[PDB]
Amino acid sequence: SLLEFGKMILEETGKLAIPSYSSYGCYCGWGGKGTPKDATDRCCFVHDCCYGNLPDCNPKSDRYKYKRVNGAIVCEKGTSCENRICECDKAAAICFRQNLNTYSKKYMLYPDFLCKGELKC
Ligand SMILES: CC(C)NC[C@@H](O)COc1ccc(CC(N)=O)cc1
């Protein structure tokens, strides 16, 4: 669920899920349309695509359990939806951590009209 994801982001990046990643680019937080603005925006695009592969699960509200083995994120055995959601977030977190160095504030609160373009998962 989102309680898990946000906690994961903070631990990983140090920035806070909301508002650092709840309204960035064209995909973080708001999904929909567009061409991802930057690397962090691409993690969101890929992440949204990740939840999209799980039709009958509830990413936002189904809680899962994960642990750290010296820094590694280890998703714990749960329902199979819980296992797959967890993997989807673990990636976003890793991806987020990987492009902290290019996280740019001008994409914060990014306006919608500026997000039109085509991208299939
Ligand atoms: C505590 C506050 C009010 N949070 C409400 C909460 O709905 C914030 O919302 C969201 C909505 C959707 C997502 C999708 C995720 N990033 O992939 C992440 C966070």
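Going by this note's numbering, the first residue of the sequence shown is number 1, and it counts up by one from there. Backbone N, C-alpha and C fix where the C-beta goes; we use that ideal spot for every residue, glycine too.
- Collapsing the DSSP output to three states places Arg63 in coil.
- Residue environment: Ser61 is assigned as exposed (fewer than 16 neighbouring CB atoms within 10 Å of its CB, all protein chains considered).
- A distance below 8 Å between beta-carbons, with the five flanking residues on each side excluded, links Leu16 to the following residues of its chain, in chain order: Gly6, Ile9, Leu10.
- Taking C-beta atoms as the reference points, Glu4 and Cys86 count as a pair closer than 9 Å.
- Counting the other Cβ atoms within 10 Å of the Cβ of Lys106 gives fewer than 16, which makes it exposed.
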